[PDB]
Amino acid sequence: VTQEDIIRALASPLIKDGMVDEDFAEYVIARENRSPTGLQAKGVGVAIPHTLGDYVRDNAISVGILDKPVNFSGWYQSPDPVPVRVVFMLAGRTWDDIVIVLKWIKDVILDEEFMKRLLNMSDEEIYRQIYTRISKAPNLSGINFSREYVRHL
């Protein structure tokens, strides 16, 4: 499973729910090889593949857990790939949409005990935890997160 398998498997529930165009994963792969998003989250490996957003019909997040970590390139220079265990796929219509969730995810990946729960929870327990935290946020209205956006790989 390379980055392209991970992206297309995470974009698949988005395209079926009618929130991104048909060739959505191919756009985010194109931007992944231009401005990658490998993040050495202080404990775990985290990648946030996202895109421009004119082909995005609604803001959504698709979460993917990697039991076997996969190398992702990081934007922070350093031609040393990142061992990534959690993938946060993002689709936002406008620049104003993506900036809000990006700071929210920055607070997600700087919460070790929360983050440690993701590694050893099922697709149901993960949805219950991210939904409850998205609900408590005063922003984040307009992002969609249903039970079909959690996938282990």
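The first residue of the sequence shown is number 1, and the count goes up from there.
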item	value
Given 97-105 and 63-71, the range whose Cα B-factors average higher in the PDB entry	63-71
Stretch with the greater mean C-alpha B-factor as recorded in the entry, comparing 86-94 against 22-30	22-30
Relative C-alpha B-factor of residue 58, binned into the chain's lowest, middle or highest third	lowest
Relative C-alpha B-factor of residue 121, binned into the chain's lowest, middle or highest third	middle
Assigned third (lowest, middle, highest) for the C-alpha B factor of residue 13	middle
Third of the chain, ranked by Cα B-factor, where residue 35 sits	highest
B-factor third for the C-alpha atom of residue 115 within its chain	middle
